[PDB]
Structure formats: structure tokens, C-alpha cells
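Participant:
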Amino acid sequence: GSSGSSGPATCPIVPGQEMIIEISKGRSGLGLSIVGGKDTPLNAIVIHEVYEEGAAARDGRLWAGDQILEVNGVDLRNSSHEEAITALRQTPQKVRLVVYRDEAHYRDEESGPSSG
């Protein structure tokens, strides 16, 4: 065997692999946003922005531009935009979700004018 015990927490995200991530709400609720769902041009829940002033950020596992497939044991690939929202507010202290990434097109040239 390669690994015996593996946890969704304190662990990186593997590409082309549906991995799970567990985040503790601690005190205040999560601080992120989603986009897509049903009646949308994308049948895959995407994270528009992840407010750094939230539990989700307190971890640093979910990065803006990710694609969720399920949450707290609730399929989202079908759930409507709103549905996906409630599914996030209906989660206990330990919020678990399944994220998926791609193993190609590693944008090596991603840098703005960094103006100020």
C-alpha cells in the first residue's frame, strides 16, 4: 500500500481527480460565492470569489475558479444556482465538498499590469 490513513483536510488538491475538502466554520459562516448551476451556461458550480473574511478562506484550500460537484453529500452538478447556495448554508460546522481540477493548460503567462 502507498497510504494508510488519508484526510480531506490539511491536504492539497489533485488535478483530474475528484478530491474532497473539509472546512470548519469555526464561528462565523463561510465567505465565498458560486455561479452557474441550472438554467445557466454552465452545468458545473464554479467559485466566482472567496471572501478572505470567511471560514473557507481561513483554510486556503478552495481557490477562485474551482468547479464543485457535490456538497455536504448533496449533488450540485444538477442543483439550481439557488439550490447550490442553500446547500452551503445548510451545512454544519464541518463543511465538506468535492472539488475537481484539470491537469492541462497550466497558464504560465498570467500576470496583469500590477498597477497601483
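Mind the numbering: the sequence shown is residues 1 to 116 in the deposited numbering, read in order. We treat Cβ as the ideally placed atom computed from N, Cα and C, and that holds for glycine.
Using the DSSP secondary-structure output, state which residues sit across from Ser24 in a beta bridge.
Facilitator: In the DSSP output, where bridge partners are listed per residue, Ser24 has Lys94.
Participant: Comparing C-alpha positions only, which one of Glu70, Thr91, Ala84 sits nearest to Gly37?
Facilitator: Among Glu70, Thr91, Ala84, the Cα nearest to that of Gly37 belongs to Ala84.
Participant: In three-state DSSP terms, what is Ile45?
Facilitator: Of the three classes helix, strand and coil, the one that applies to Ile45 here is strand, per DSSP.
Participant: Count the C-beta pairs between the region 1 to 19 and the region 40 to 48 that are closer than 8 Å, then say yes if the count reaches three, no if not.
Facilitator: Flag = no, the region 1 to 19 and the region 40 to 48 do not touch.
Participant: Do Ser33 and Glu53 have their C-beta atoms within less than 8 Å of each other?
Facilitator: Not closer than 8 Å, so no.
Participant: Could you compute how far the alpha carbon of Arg58 sits from the alpha carbon of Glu70?
Facilitator: Cα-Cα distance, rounded: 21 Å.
Participant: Among residues of its own chain, excluding the 5 on either side of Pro113, which ones have a beta-carbon nearer than 6 Å to its beta-carbon?
Facilitator: Cβ within range, chain order: n/a, list empty.
Participant: DSSP three-state label for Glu83, please.
Facilitator: Of the three classes helix, strand and coil, the one that applies to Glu83 here is helix, per DSSP.
Participant: How about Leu97 and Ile68: do their beta carbons lie closer than 8 Å?
Facilitator: It is a contact, given that the beta carbons lie within the stated cut-off.
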